[PDB]
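The chain below stands alone and is given in structure tokens; this is the form deposited in one PDB entry.
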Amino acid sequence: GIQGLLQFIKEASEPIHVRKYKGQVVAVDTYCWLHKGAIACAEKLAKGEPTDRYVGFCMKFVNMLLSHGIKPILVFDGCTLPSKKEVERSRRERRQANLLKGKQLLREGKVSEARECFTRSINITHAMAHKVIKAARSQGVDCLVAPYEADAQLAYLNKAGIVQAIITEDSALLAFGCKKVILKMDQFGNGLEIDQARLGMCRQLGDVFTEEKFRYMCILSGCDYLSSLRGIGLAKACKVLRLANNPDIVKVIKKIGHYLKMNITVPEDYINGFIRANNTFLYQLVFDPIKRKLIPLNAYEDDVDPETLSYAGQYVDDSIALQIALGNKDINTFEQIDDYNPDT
């Protein structure tokens, strides 16, 4: 959701081929592939007609990784995150709008236009993802459903040393503190890598290459958890953090118009939103696959009360988190759609 982030830090990126990670473990932001896969068969998906074309699309990529001796872990988005509800609403509204329009264009005969609308009405469901999971597993590929956003789960797997890199199209994964992200990776393995440790290569960040400041910059520029103040993008957010001296980020935001020589009113709820968004990048719940439990992405500090962090994912019993992670529990019916047992 950090619009314009990749161009802005392009200096820190390197063209690569995934051969680099041969014999290592890479995690995949699989909903990216799913959304790409679904475009080919949008019409049938919109009409409710049966399709599994998207499964073969994802499997091309999976197969390619395996051929180069990469051990992929496919990660899937799970339950809805309240911090993202506004964005979830606008996406839902847009899908609905386009689906209706396509249908009306079918009673018109304009199949060309109707196709353009359907393709923008695509909704990726757990049922669709679960078909990819079965395909993957049958080829011995580890799959994991995040309890909430795949984003934080990926970050967690990268930070824990479980995977060495993350394949995704979402550059905001860097604000979650991923070490290595591989973007724009094509079907042949060519892609664009950004390492957190090379963010200092990026001249226009100044000293906003440190984890905490980089996160603040991303949030300030406007992210999925929190719309920016009007007139603030990456460059001005970066500028505020460069020029600001005070460590207390709240006191800096309150006087943000000062650092920028702009008339910017900062509403009281914006500070609250900013804190919430910060806490969401930091403490969004993930599933530790080794101990098989729900944990915050980072350990709680001595400044956060975990009781107040519902918006970052509510805890559920670990036995339930397990069934979700294995893909057994449908997200929504919360009923068993499968009974895969990794032990046996």
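Just count from 1 along the sequence shown to find any residue number. If you superpose the two forms and keep the largest set of C-alpha atoms that fall within 1.5 Å, you have the rigid core.
Missing here is the form deposited in another entry; even so, the following discussion is about that form.
The one residue among 183, 260, 135, 202 whose Cα position changes by 2 Å or more between the shown form and the other one, with the core held fixed by superposition, is 202. Once both forms are fitted on their rigid core, the CA atom of residue 93 lies less than 2 Å apart between the shown form and the other one. Comparing the forms between the shown form and the other one, the C-alpha position of residue 192 differs by less than 2 angstroms, with the core used for superposition. Here residue 105 counts as shifted, since its C-alpha moves by at least 2 Å between the shown form and the other one after the core is aligned. Panel note: the distance between the CA atoms of residue 37 and residue 107 is smaller in that other deposited form than in this form, the difference being 3 Å or more.
Figure legend: C-alpha atoms of residue 203 and residue 211, shown here, are separated by at least 3 angstroms less in that other deposited form.
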